[PDB]
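What follows is a single chain, given as structure tokens, in the form deposited in one PDB entry.
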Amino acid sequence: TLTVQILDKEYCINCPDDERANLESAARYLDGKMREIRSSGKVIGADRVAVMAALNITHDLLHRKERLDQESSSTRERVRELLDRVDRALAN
């Protein structure tokens, strides 16, 4: 169980040991983004600042998720292309 502090509040979450540091980065990002929005005075309400912060990080995570899905699809295709040639080489 990991506990991170985001904008004057404490959150206790459950996560694999292999994710601790990474989730702490997400917390640090949230915290900073929130402080930025809060001090911008353009978003009224604590809940509003949190959703804007959360929407921002969800927007970056989706892009990293898209890049991940591309590289994963490229590897899968090269592997499929290579295994297919092993098959042919064995057929003759």
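Take the two forms, superpose them, and find the largest set of C-alpha atoms that agree within 1.5 Å; that set is the rigid core. Just count from 1 along the sequence shown to find any residue number. Shifts are known only where both forms have a C-alpha.
We do not show the form deposited in another entry, though everything after this point is about it.
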Legend entry - Exceeds or equals 2 Å, Cα of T58 between the shown form and the other one, core fit: yes
Legend entry - Cα displacement of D84 between the shown form and the other one reaching 2 Å, rigid core superposed: yes
Legend entry - Closer or farther in that other deposited form: C-alpha pair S73, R20 (3 angstroms or more): farther
Legend entry - Regions of at least 3 residues displaced between the shown form and the other one by 2 angstroms or more (CA, core superposed): 54 to 90
